[PDB]
Amino acid sequence: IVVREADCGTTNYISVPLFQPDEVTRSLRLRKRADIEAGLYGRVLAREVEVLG
Amino acid sequence: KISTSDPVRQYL
Amino acid sequence: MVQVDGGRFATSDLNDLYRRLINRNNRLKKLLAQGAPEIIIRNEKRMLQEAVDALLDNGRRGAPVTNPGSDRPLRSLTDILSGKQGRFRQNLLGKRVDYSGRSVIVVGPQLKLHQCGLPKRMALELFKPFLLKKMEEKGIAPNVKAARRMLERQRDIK
Amino acid sequence: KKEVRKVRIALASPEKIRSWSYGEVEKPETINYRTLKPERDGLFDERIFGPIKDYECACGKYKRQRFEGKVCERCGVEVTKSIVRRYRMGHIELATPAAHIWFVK
Amino acid sequence: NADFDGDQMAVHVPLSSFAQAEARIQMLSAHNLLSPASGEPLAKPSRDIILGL
Amino acid sequence: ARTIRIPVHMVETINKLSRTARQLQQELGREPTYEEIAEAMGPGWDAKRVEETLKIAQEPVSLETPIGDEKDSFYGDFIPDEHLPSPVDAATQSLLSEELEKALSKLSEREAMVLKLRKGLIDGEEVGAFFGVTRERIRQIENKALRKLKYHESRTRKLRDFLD
Amino acid sequence: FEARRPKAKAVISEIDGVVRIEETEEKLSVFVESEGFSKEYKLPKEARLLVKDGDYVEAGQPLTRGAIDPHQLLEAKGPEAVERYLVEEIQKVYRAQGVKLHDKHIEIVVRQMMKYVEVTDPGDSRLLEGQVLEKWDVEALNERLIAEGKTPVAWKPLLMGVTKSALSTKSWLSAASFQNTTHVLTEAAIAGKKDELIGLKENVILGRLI
Amino acid sequence: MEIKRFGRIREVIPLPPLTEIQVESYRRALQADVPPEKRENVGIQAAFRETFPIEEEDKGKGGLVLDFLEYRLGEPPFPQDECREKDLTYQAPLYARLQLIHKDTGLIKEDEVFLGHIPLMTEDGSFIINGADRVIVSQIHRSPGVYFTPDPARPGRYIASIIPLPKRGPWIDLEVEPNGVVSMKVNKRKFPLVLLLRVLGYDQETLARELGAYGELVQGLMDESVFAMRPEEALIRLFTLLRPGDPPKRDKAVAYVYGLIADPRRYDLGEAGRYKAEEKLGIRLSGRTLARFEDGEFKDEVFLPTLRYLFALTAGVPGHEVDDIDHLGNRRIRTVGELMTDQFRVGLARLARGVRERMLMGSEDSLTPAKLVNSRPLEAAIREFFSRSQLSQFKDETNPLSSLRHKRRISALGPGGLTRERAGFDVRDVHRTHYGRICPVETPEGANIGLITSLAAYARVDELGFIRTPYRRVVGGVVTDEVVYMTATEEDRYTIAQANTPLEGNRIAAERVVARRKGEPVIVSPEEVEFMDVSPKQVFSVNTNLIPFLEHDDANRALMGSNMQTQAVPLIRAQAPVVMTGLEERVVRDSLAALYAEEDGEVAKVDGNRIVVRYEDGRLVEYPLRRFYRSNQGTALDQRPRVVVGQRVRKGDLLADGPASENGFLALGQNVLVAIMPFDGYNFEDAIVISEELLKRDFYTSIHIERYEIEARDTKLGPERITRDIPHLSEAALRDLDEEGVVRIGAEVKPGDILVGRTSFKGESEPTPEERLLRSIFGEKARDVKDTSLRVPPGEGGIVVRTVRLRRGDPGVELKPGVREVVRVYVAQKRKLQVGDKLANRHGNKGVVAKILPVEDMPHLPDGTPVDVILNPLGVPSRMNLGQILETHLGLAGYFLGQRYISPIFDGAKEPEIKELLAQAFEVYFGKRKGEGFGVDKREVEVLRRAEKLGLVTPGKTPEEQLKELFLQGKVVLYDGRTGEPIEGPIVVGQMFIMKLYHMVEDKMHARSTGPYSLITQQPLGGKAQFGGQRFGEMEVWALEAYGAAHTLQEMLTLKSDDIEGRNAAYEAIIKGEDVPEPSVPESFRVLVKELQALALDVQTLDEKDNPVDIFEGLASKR
Ligand SMILES: [Mg+2]
Ligand SMILES: [Mg+2]
Ligand SMILES: [Mg+2]
Ligand SMILES: [Mg+2]
Ligand SMILES: [Mg+2]
Ligand SMILES: [Mg+2]
Ligand SMILES: [Mg+2]
Ligand SMILES: [Mg+2]
Ligand SMILES: [Mg+2]
Ligand SMILES: [Mg+2]
Ligand SMILES: [Mg+2]
Ligand SMILES: [Mg+2]
Ligand SMILES: [Mg+2]
Ligand SMILES: [Mg+2]
Ligand SMILES: [Mg+2]
Ligand SMILES: [Mg+2]
Ligand SMILES: [Mg+2]
Ligand SMILES: [Mg+2]
Ligand SMILES: [Mg+2]
Ligand SMILES: [Mg+2]
Ligand SMILES: [Mg+2]
Ligand SMILES: [Mg+2]
Ligand SMILES: [Mg+2]
Ligand SMILES: [Mg+2]
Ligand SMILES: [Mg+2]
Ligand SMILES: [Mg+2]
Ligand SMILES: [Mg+2]
Ligand SMILES: [Mg+2]
Ligand SMILES: [Mg+2]
Ligand SMILES: [Mg+2]
Ligand SMILES: [Mg+2]
Ligand SMILES: [Mg+2]
Ligand SMILES: [Mg+2]
Ligand SMILES: [Mg+2]
Ligand SMILES: [Mg+2]
Ligand SMILES: [Mg+2]
Ligand SMILES: [Mg+2]
Ligand SMILES: [Mg+2]
Ligand SMILES: [Mg+2]
Ligand SMILES: [Mg+2]
Ligand SMILES: [Mg+2]
Ligand SMILES: [Mg+2]
Ligand SMILES: [Mg+2]
Ligand SMILES: [Mg+2]
Ligand SMILES: [Mg+2]
Ligand SMILES: [Mg+2]
Ligand SMILES: [Mg+2]
Ligand SMILES: [Mg+2]
Ligand SMILES: [Mg+2]
Ligand SMILES: [Mg+2]
Ligand SMILES: [Mg+2]
Ligand SMILES: [Mg+2]
Ligand SMILES: [Mg+2]
Ligand SMILES: [Mg+2]
Ligand SMILES: [Mg+2]
Ligand SMILES: [Mg+2]
Ligand SMILES: [Mg+2]
Ligand SMILES: [Mg+2]
Ligand SMILES: [Mg+2]
Ligand SMILES: [Mg+2]
Ligand SMILES: [Mg+2]
Ligand SMILES: [Mg+2]
Ligand SMILES: [Mg+2]
Ligand SMILES: [Mg+2]
Ligand SMILES: [Mg+2]
Ligand SMILES: [Mg+2]
Ligand SMILES: [Mg+2]
Ligand SMILES: [Mg+2]
Ligand SMILES: [Mg+2]
Ligand SMILES: [Mg+2]
Ligand SMILES: [Mg+2]
Ligand SMILES: [Mg+2]
Ligand SMILES: [Mg+2]
Ligand SMILES: [Mg+2]
Ligand SMILES: [Mg+2]
Ligand SMILES: [Mg+2]
Ligand SMILES: [Mg+2]
Ligand SMILES: [Mg+2]
Ligand SMILES: [Mg+2]
Ligand SMILES: [Mg+2]
Ligand SMILES: [Mg+2]
Ligand SMILES: [Mg+2]
Ligand SMILES: [Mg+2]
Ligand SMILES: [Mg+2]
Ligand SMILES: [Mg+2]
Ligand SMILES: [Mg+2]
Ligand SMILES: [Mg+2]
Ligand SMILES: [Mg+2]
Ligand SMILES: [Mg+2]
Ligand SMILES: [Mg+2]
Ligand SMILES: [Mg+2]
Ligand SMILES: [Mg+2]
Ligand SMILES: [Mg+2]
Ligand SMILES: [Mg+2]
Ligand SMILES: [Mg+2]
Ligand SMILES: [Mg+2]
Ligand SMILES: [Mg+2]
Ligand SMILES: [Mg+2]
Ligand SMILES: [Mg+2]
Ligand SMILES: [Mg+2]
Ligand SMILES: [Mg+2]
Ligand SMILES: [Mg+2]
Ligand SMILES: [Mg+2]
Ligand SMILES: [Mg+2]
Ligand SMILES: [Mg+2]
Ligand SMILES: [Mg+2]
Ligand SMILES: [Mg+2]
Ligand SMILES: [Mg+2]
Ligand SMILES: [Mg+2]
Ligand SMILES: [Mg+2]
Ligand SMILES: [Mg+2]
Ligand SMILES: [Mg+2]
Ligand SMILES: [Mg+2]
Ligand SMILES: [Mg+2]
Ligand SMILES: [Mg+2]
Ligand SMILES: [Mg+2]
Ligand SMILES: [Mg+2]
Ligand SMILES: [Zn+2]
């Protein structure tokens, strides 16, 4: 496995969750700081996203 | 099957 | 087939296996020509077969051994490839670089990330070739062979 | 001269075995103590596998670089240091076929 | 992972003008500050420096 | 029965020696010095002889064998090379050849090439060394050119530092 | 990293429906059901059920309480579910132990655990094969775009442990690096395999440039 | 100097003989010194008796009976020292009295036959095999008895296990699977436990009722009644059940084996195995093991009880029969003796196997000596055991301790019938019974943990490998000065208390007092305390018990400490620690460090070589002193006399000190003042900064002796001559070679210099055409010989101090074949403390010297005196060893108080007491300061402010009073020797004992440029002079792979190691100033393809288009 490319055209993506459940049975919680960082840091947006402004 | 025996048997 | 100490010779176990084959095969030929009672022809072809297995891969049908002293498996051709005795482990355990070194380490406070401090003594050995030519470049030595002898002894280095 | 880009394993045609080899080691003769030299046509043998010295021959009819790729008259010995004696292969001519255990077991 | 209770390091020499090229460009120490694991800094004030600062 | 063929005579000989050592292992309580064995065996037996025999007796050990603290270490990597000119010798041959060739071109062919070829090209004969010109013209240019050769080389010291 | 039978496997729900339970002495029973059909799920005494009488359960949802066998989840919720699960489940151990590595990395290896799909509808070589996914994206592509006569190569997503994943790759070279050399080569021989040097491991034995 | 000690738990009994394990064991092993008449017959005499009556009867003509009379050794071939100078194994001869009988007339008694030369034990405990001192390490295993462990997988009922060692003794297991079978397995396949009992006589009815009436399970016994109805028939029946094709009529044949003699037997009658039996299960066993051969009708007081207890275990509570294998009463120790008697017997057999053949070969009657005895077996066997047995290795004598500890070390790794490398996780754990029997921390650090451990101080191996420990008897609330060495097993049986229990002498002092039942801690009452622990010291090893305040050190780091000392290099400047524990004296003494006086008397002469004293008994003896002998590890060992001329000596008083004994006290480092703060990063994570001043005084300097050696080999090209002739270049380099060949005494040899000249012959068999022209040119006539002379290896060399030459006409040495003559040259060098050297205190703080500073500017106290060493503090919170801090402080006192202290392990000095002595110290330090004429500095007050603001000094009080408080805290004000300003904040300083660590050959800064290369694989290789190439393994390969270091990785695989044509072209290319050529084919690769070609497989590379490409350039094409 090695990087050798051009923007590979297939745009099948994945959505990283930002909330975890089970610990306190079912109590939605914002995922801890690092974990998120570990899932999104320096990635490439599959699609645009309008957020806080 | 481990030689020896077979040929011993063979000519014996 | 090398000379060791005095009269001690040392060879790859492969060679014994080869003779095993060579002899049988020869005995075979003689055995066919000289006349040939079925039993004996087969009995040999059998041995001959087993022999061929031996150098290819021993232990797959039985274990051939060097005469009394070491019930050691004569490293079959595959044993040498796969490394049945931990040879693969040693193989990927690493080869040996020609321009390397090793020594204890000690914190270098003033040193900068950029650099690191290494013993000139070690440097000499490591960068010997590059040093030799630089010597010729300068008046230090007339030529390579010169520069080398010049360094062959510690006490003889200007 | 061309970059090696592909390597492949294939089975060995008995003829191929031949094409690789040189001479036929027909006797279990390694080296006879008297002279640490190869015995007869045995496993170790100059013809079958290559010289034994640097750029010189066995007998000495030729001994320098000038005659880099030509063989000796009364005895066969091409030359470049001992290394060729390594890379070369010989072949043993079996009486009645035997099979490669590898494809059998 | 090295302390100074005797840990011994090794050292090799890049010969080809090429090897040296890659060596001090993409393999030098001051050019690879951040960790491949986490974007986090790998070369940060370790034990003493902190205590000081 | 051996990795190395040995004549039958030498076989019985070794047996004889072996057998002799046994009887010699019967009373001294000392594994008999090559003196005993020489004596006991008979006629022309001597220390040099016995030492030589036993050295041949010994079976060849495995080039591949566990080494030191029984690990992956295999005997083979321990044996060094001698044919192969380790880099330094390669360096040597370069200068030697280059320089010698530079000196071979500045020379009267006749008796310079004769000895150069008779010595370094075929084998090691004064009279039989020169084509048609006899020994007096050989010794003539051989000792006058080689000395004229050795001394201007004494001037521009290129070979002095014994490349060997 | 080695898709295997966990210690306390949790029964996943192959269906997506409503829950129903029972009280008989010896064994309990979880029933999943939609307007169509229903499925019974035997849950022995020690099984602590995470689900309750009354609500929905997506395919491959944890019914029992504990660990899940990837194969199952693969078969029920699909590849995308297995992958996603593997990554998260791994990260679990590390995060709990201070380690902070980026998801990308595990994903990479994850992918290779499923770069092998199986065949059911042949075209050139028979069905039950199990080969490189994109290598099939190749044939299917040209077999329906360049060379006509659409020969749909119906494949099945397959999940295999890192060990196995490698123990059976393209280049025999790589496989000859394991203690299975014997077999690796035998095969590679008979077929006449041309080890296109792609990976590193392979290309290094040759002492070739990386 | 004064000596004050603390803690008082009346150590009722002194330590035992510390080398007793090696010594005693060998004593009893070889019952030599005492006549055959004496009773101890174990070991040799035992093994003797064992294989002596060779009863060979019929198969032609027999009646052979060769008995044993007496075994007597006595006169060793050569003496020890000689055995070391020469390469001879110090061994003693062995010829016992024999006599073989005849069925006819006569019994020729050929008295002696010296077979087998067995080594002897040094007075210290070690041995002298070839040229080095070797030691025999003890072992551990399952004590041949019986146990009952839970069944493998099925969480149902446990099974049984009978363990009979040696290996050629059956291994039985009892397991029932109720639907129709019961399993009794000796070898492998099971069968009815009944078929056996029946044979012995036990009939179904008296069996079922009398054995298993409470055991319903009896039902699985009387099942196969068909067979249980024929007694002795069952005997042949079972014989039929074994498998060869064996005759069904061998009266009491194989039944014998599993009865009396060889197979079952546990060394001695009464306590060897029966103990395990009687205590654990059953009650008796007539005859050592299940034996009898009187009426042909065997008796088994063992077979039935085993099942009895299984039925019992599988039932209620006969007791609670679960066996914790790790219990020390269940794992036994293999003292040297047994380890030797074992191999000894192995040989007795090999011989007995060969002699049997000669009872038929011998003509008629002339068969007593040579016709039945060949010393060849016994020799190879024992010899291999002392020279190749994995259980033996180099005597670690880096210094006395190392030696002593190594002598008393236990290992699991061994034979094969006793623990291998696959198990360990339950073994490597410090089991509960490992109390006063095995130090919990003494084990190594790494792959080998728990497997190899050195026993605790008081630990002693009683009669048969059961580590016992002392324990004093405390009847009622009364404790006794009497002690009982309890077995690991018996210990469980009682309620023992600890040493640290308030005692009024015989009376206990507290109602609720600690005590530990079998494995558990329990607060007991003085009325239940039956036994008590002798002292803290019995809990750990000797090597650990030397640590000052062990109590304040994490058991993990204390290991580093204990192990560290084993690596202690004797310093010319010995010096006992400012604070000792109390064993230092006993150590040097029990170990053979210094020389003590036998009986009272006066000294006569005091030579730097000998001390001839004069005992007041009318005698005078000369006591030589091993000047500067070579220790296996290279550390010196001299005995410097400390007694003056004509001195009345007290019996048992040091006349000479050990290699590292100050005054009969151990001394392995040097007390040295120390500041404990952070410098300019110089003492970074574990770095240390050294005051050049420490070098000004020959403090950490160490004398080292290396031993080089070269041989004159007999080549078929011409013997290698040992001449003062070095064929090619200078006389300058010949100088020191003075003595035609050898190097002159007292000659300084630097790296590269000649140590011994050697001339072998050039080519392999023929000259060289190229080199031929060259020689002729300048001087054809030349010693066409090669220079293979022993040169000073890179790194270093000192001053020659001795040499040895063994030429022809060997006196009594063993010159190997081919070896014409050997040349040894001993070199010595004074090793001074230098950057890179590593030092470590006894608490585990192990750091390396990173910077030698000039006394000029390093930290100095108010009064001139500067600090010697500066220890960073960040290396102390993480590790949890406050012990060193506790040592530094007490030391600070001892400095100005000019005295050394003694603080026992758990019963030593205490914080208040320390604070007290410090209080005393402040008077010395500051008092004189007041009297000499001055008060406090501006800096001294400066630090005081930042001090109170800190919280160390009670604000308000006077500077003088403040400093006292601040001093009592262990810290004082230091001035930066660089600026003169103070270091804001009181800094502790003190006397801390620190050692210098030995330099392994790896420290010899390796560095290879170009050199040899193996014959077969073409990868670099080092040897005598040229360093070996470094190993470039996969982990590193990847490291490179990770980077875009393409070419760099290729070079490591081509130009630098395997590519023949490469490295060559590479070198040259460099030498001229051109970039290196482009790589060629690696040999490993070529080697590979051919390796494959050897096999049918054909490996062919290919081009762009599937077409050939040539790796073996031109050598593959044919002709
Ligand atoms: Mg894209
Ligand atoms: Mg036969
Ligand atoms: Mg047959
Ligand atoms: Mg040879
Ligand atoms: Mg080999
Ligand atoms: Mg006939
Ligand atoms: Mg017939
Ligand atoms: Mg052999
Ligand atoms: Mg000089
Ligand atoms: Mg010969
Ligand atoms: Mg040879
Ligand atoms: Mg030949
Ligand atoms: Mg040559
Ligand atoms: Mg030519
Ligand atoms: Mg040619
Ligand atoms: Mg020609
Ligand atoms: Mg010719
Ligand atoms: Mg080759
Ligand atoms: Mg570190
Ligand atoms: Mg450290
Ligand atoms: Mg470390
Ligand atoms: Mg490298
Ligand atoms: Mg850096
Ligand atoms: Mg620090
Ligand atoms: Mg003799
Ligand atoms: Mg001989
Ligand atoms: Mg070794
Ligand atoms: Mg090994
Ligand atoms: Mg090797
Ligand atoms: Mg060897
Ligand atoms: Mg190797
Ligand atoms: Mg060689
Ligand atoms: Mg050289
Ligand atoms: Mg030159
Ligand atoms: Mg002319
Ligand atoms: Mg002329
Ligand atoms: Mg000539
Ligand atoms: Mg002539
Ligand atoms: Mg002529
Ligand atoms: Mg002529
Ligand atoms: Mg003429
Ligand atoms: Mg002249
Ligand atoms: Mg000259
Ligand atoms: Mg439906
Ligand atoms: Mg359904
Ligand atoms: Mg989880
Ligand atoms: Mg946490
Ligand atoms: Mg953690
Ligand atoms: Mg962490
Ligand atoms: Mg952590
Ligand atoms: Mg995966
Ligand atoms: Mg396609
Ligand atoms: Mg088409
Ligand atoms: Mg499908
Ligand atoms: Mg391979
Ligand atoms: Mg396999
Ligand atoms: Mg004693
Ligand atoms: Mg004892
Ligand atoms: Mg008889
Ligand atoms: Mg002596
Ligand atoms: Mg001596
Ligand atoms: Mg003596
Ligand atoms: Mg009679
Ligand atoms: Mg007699
Ligand atoms: Mg179990
Ligand atoms: Mg057991
Ligand atoms: Mg056995
Ligand atoms: Mg036995
Ligand atoms: Mg059953
Ligand atoms: Mg039988
Ligand atoms: Mg026993
Ligand atoms: Mg009876
Ligand atoms: Mg009985
Ligand atoms: Mg009886
Ligand atoms: Mg127990
Ligand atoms: Mg034995
Ligand atoms: Mg025998
Ligand atoms: Mg007789
Ligand atoms: Mg006898
Ligand atoms: Mg013997
Ligand atoms: Mg040691
Ligand atoms: Mg075993
Ligand atoms: Mg175990
Ligand atoms: Mg473990
Ligand atoms: Mg203990
Ligand atoms: Mg005991
Ligand atoms: Mg009382
Ligand atoms: Mg009391
Ligand atoms: Mg009493
Ligand atoms: Mg316990
Ligand atoms: Mg009470
Ligand atoms: Mg701890
Ligand atoms: Mg004592
Ligand atoms: Mg004396
Ligand atoms: Mg005294
Ligand atoms: Mg001292
Ligand atoms: Mg002293
Ligand atoms: Mg510092
Ligand atoms: Mg020196
Ligand atoms: Mg030769
Ligand atoms: Mg003489
Ligand atoms: Mg010697
Ligand atoms: Mg430190
Ligand atoms: Mg202090
Ligand atoms: Mg105390
Ligand atoms: Mg205390
Ligand atoms: Mg007090
Ligand atoms: Mg205080
Ligand atoms: Mg100062
Ligand atoms: Mg200050
Ligand atoms: Mg060499
Ligand atoms: Mg070397
Ligand atoms: Mg090395
Ligand atoms: Mg070049
Ligand atoms: Mg084409
Ligand atoms: Mg070529
Ligand atoms: Mg060809
Ligand atoms: Zn020729």
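Judging from the entry metadata, X-ray crystallography is the method by which this structure was determined, and 2.70 Å is the reported resolution.

Side note on the overall build of chain E
Secondary structure summary: chain E contains 2 helices and 1 strand in total. Along chain E, helices (α) and strands (β) appear in the sequence β-α-α when read from the amino end. In summary, chain E has a C-alpha radius of gyration of 15 Å against a globular reference of 10 Å for 53 residues, an excess of more than 25%. Projected onto its principal axes, the C-alpha coordinates of chain E cover approximately 45 × 30 × 20 Å. Taken across its 53 residues, chain E has 26% of its residues classed as buried. Element-wise, carbon and sulfur atoms account for 60% of the exposed surface of chain E, whose accessible area totals about 3600 Å².

Re the packing of aromatic side chains
Across all of its chains, the model carries 27 aromatic pairs over all chains by this definition. Here the aromatic rings of H:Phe52 and H:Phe68 are separated by 4.9 Å at their centres, their planes lie at 40 degrees, and the arrangement is tilted. Within this pair, whereas H:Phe52 is found in the loop between α2 (43-51) and β2 (66-72), its partner H:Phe68 is found in strand β2, the two being separated by 16 residues in sequence. Summarising the burial analysis for this pair, H:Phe52 and H:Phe68 share the class buried. Geometrically, the ring pair formed by H:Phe385 and H:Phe386 is edge-to-face, given 5.7 Å between the ring centres and 70 degrees between the ring planes. H:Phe386 carries the same exposure label as H:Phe385, and that label is buried. Lying over the aromatic face of F:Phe74, C:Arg87 brings its terminal NZ or CZ to 3.8 Å of the ring centre. The ring of H:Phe1112 carries H:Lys1090 above its face, with NZ or CZ at 5.0 Å from the centroid.

Re a nonpolar patch on the surface
Residues B:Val8, B:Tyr11, B:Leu12, C:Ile39 and C:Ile40 make up a contiguous nonpolar surface patch of roughly 510 Å² in combined accessible area. Of all elements in the fold, only α1 (5-11) of chain B together with α2 (38-56) of chain C reach the threshold of two or more residues within the nonpolar patch. Locating B:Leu12 in the fold gives a position in the segment after α1.

Description of the arrangement of the chains
By contact count, the leading pair among the 15 pairs of chains in contact is chains C and H. The smallest C-alpha distance separating chain B from chain G is 22 Å, and no contact links them. The two units chain A and chain H remain apart, with a minimum C-alpha distance of 10 Å.

Overview of the interface of chain H and chain C
Taken residue by residue, the interface counts 60 residues in chain H and 42 residues in chain C. When chain H packs against chain C, close to 4600 Å² is buried across both sides, 55% of that on carbon and sulfur atoms. Three residues stand out in chain H for area buried against chain C, namely H:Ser1009, H:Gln1030 and H:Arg1031, and they jointly supply 15% of the buried area on that side. Seen at the junction of chain H and chain C, the total is 5 salt bridges. We note a salt bridge from C:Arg155 to H:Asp753, for which the minimum N-O separation is 3.2 Å. Run the count over chain H and chain C and you get 22 residue pairs in polar contact. Among the secondary structure elements, those contributing two or more residues to the side of chain H that touches chain C are β38 (846-853), β43 (1006-1008), β44 (1030-1032), α24 (1046-1053), α25 (1060-1072) and α26 (1083-1094) of chain H. For the side of chain H that touches chain C, the element with the highest residue contribution is α25(H), accounting for 5 residues. In this sheet, β43(H) lies alongside strand β4 (residues 100-104) of chain C in antiparallel orientation, the contact comprising 3 bridges. Paired with C:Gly101 across the two strands is H:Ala1007, which belongs to β43(H).

Here is what the cut-offs are and how they apply
- Each residue takes a number counted from 1 along its chain in the order the sequence is written, a numbering that need not match the entry; residues with no coordinates do not appear.
- As they are written, the chains are lettered A onward and the ligands numbered 1 onward, keeping that order.
- All values in this entry refer to the displayed chains, which constitute part of a larger assembly.
- Heavy atoms throughout the structure, all of them, feed into the side-chain values; hydrogens and water do not.
- Residues with missing side-chain atoms are left out of burial classes, side-chain pairs and their counts.
- Numbering of helices and strands runs from the N terminus; a helix is a DSSP stretch of H or I covering at least four residues, while a strand is a stretch of E covering at least two.
- The size measure is the radius of gyration over C-alpha atoms, and the globule rule it meets is 2.2 Å times the number of residues to the 0.38 power.
- Exposure classes here rest on a 1.4 Å probe applied to the protein chains alone. A residue is buried below 20% of its type maximum, exposed above 50%, and partly exposed in between.
- For the area figures, the Shrake-Rupley method with a 1.4 Å probe applies, and any residue is considered shielded solely by the protein chains shown.
- A pair of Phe, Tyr and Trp rings is counted when the ring centres sit within 6.5 Å of each other, with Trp represented by its six-membered ring. The angle between the planes then sorts it: under 30 degrees is stacked, over 60 is edge-to-face, the rest tilted.
- The criterion for a charge sitting over a ring is simple: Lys NZ or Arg CZ within 6 Å of the ring centre, and within 35 degrees of the ring normal.
- Exposure above 30% relative accessible area and no salt bridge define the residues that can form patches, which grow by joining like charges within 9 Å and nonpolar side chains of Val, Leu, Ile, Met, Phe, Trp and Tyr within 5 Å.
- By salt bridge we mean one thing: a side-chain nitrogen of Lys or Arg within 4 Å of a carboxyl oxygen of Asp or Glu.
- The contact definition used throughout considers only heavy atoms, calling two residues in contact when any of these lie within 4.5 Å.
- Accessible area that two parts lose when put together, evaluated with a 1.4 Å probe and summed over both, is termed the buried area.
- In the analysis that follows, any N or O atom pair within 3.5 Å is treated as a polar contact, provided that within protein one partner can donate a hydrogen and the other can accept it, and provided that, for residues neighboring in sequence, both atoms belong to side chains.
- For two strands to pair, DSSP has to find at least two bridges joining them.

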